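Structure first, commentary second.
Quick reminder, even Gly has a Cβ in these numbers, built from the backbone with ideal geometry, and neighbours come from all protein chains shown. A short reminder: the numbers here are calculations on the coordinates, not readings from a lab.
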Protein chains: 2
Amino acid sequence: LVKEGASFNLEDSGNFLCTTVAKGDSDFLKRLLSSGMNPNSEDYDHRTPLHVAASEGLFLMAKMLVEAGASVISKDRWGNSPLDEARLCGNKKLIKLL
Amino acid sequence: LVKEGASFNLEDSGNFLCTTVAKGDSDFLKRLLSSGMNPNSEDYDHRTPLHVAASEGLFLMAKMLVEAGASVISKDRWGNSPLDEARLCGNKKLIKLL
C-alpha cells in the first residue's frame, strides 16, 4: 500500500497520535512508524507527546518521536516546554535523549 | 437503549472524552453525558474533562459536566486543577462555577 502511493487519512492526527502515546502500545506505534505517519502531530492543542512520554517513564519512543520532525521546545496552549515535564518526571535517560 | 438500562461499559470512554471536548460538539457531548457515559472519568493522559473544558473556555458544556457529576477535585496529569485551569482561562463565571 505504500508502494503504490495511496496515502492514509487520519480522523484526527494530533488526538490519535497523543492517544497512542498515552496508551503506550509499542507495537502499534512502531507499525504507525512503518506506515510513515508524521509524528509532528501533538494534540488538538499543542500538548507535545513528549510530555506524555516523560510522564509514563519509557524513553525509546520519546526518542523516536523527537527524532522525527518533533521539536524539543514545543509550546503548548499552556506554554510549557517538554523540558518542564522532563524535569518534573526526574528520569535522566529521557533527558539525555532530548 | 436508556430504558433498557445499558451502561457504556467501555475502556475507550476516557479516550473519547478528550476527543469529544477537543472537537467541540456541544449537543453531541451533552447527549453522550446524558446517557450512561460518565464524564467524571479521566482521559487517556489522565486529563480531567472539566480541566480541558476550562482550558477551552466553553461555559455551557462545562456547566453540563459539573451538573452530570464531574469533580473539580480530580486533577490533570500536569497537576493543575480544573479550577486552576478556569482561573488561567480568565472567565470569571467559569472560575466561580469551578
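List of remarks:
- Spatial separation of Cα centroids for the range A:32-52 and the range B:25-59, in angstrom: 22 Å
- Entries of A:63/B:75; A:75/A:96; B:63/B:92; A:30/A:63; A:30/A:75 with Cα pairs more than 18 Å apart: A:63/B:75; A:75/A:96; A:30/A:75
- Placing pseudo-labels 7 Å out from each Cα toward the beta carbon at residue B:23 and residue B:87 gives an inter-label distance of 3.3 nm.
- Averaged over the residues of peptide A:16-28, the number of Cβ atoms from other protein chains lying within 10 Å of each residue's Cβ is 3.
- Whole-angstrom gap from the range B:61-98 to the range A:83-98, using each part's C-alpha centre: 28 Å
- P(r) of chain B over all Cα-Cα pairs, binned every 10 Å from zero, in whole percent: 17, 52, 25, 5, 0
- The angle between the Cα long axis of helix B:13-23 and the longest principal axis of the Cα atoms of chain B comes to about 60 degrees, rounded to the nearest 10.
- Shielding by partners, peptide B:53-59 (average Cβ within 10 angstrom, other chains): 1
- Label point distance in nm, residue A:58-residue B:34, each placed 7 Å from Cα along Cα→Cβ: 4.1 nm
- Shielding score for B:74-83, defined as the mean number of other chain Cβ atoms within 10 Å: 2
- For the protein assembly as shown, the alpha-carbon radius of gyration amounts to 1.09 times the rule-of-thumb value 2.2 N^0.38 Å expected for a compact globular protein.
- Estimated 222 nm signal from helices in chain B, with DSSP H stretches of n ≥ 4 weighted -39500 (n - 2.57), rounded to 500: -14500 deg cm²/dmol
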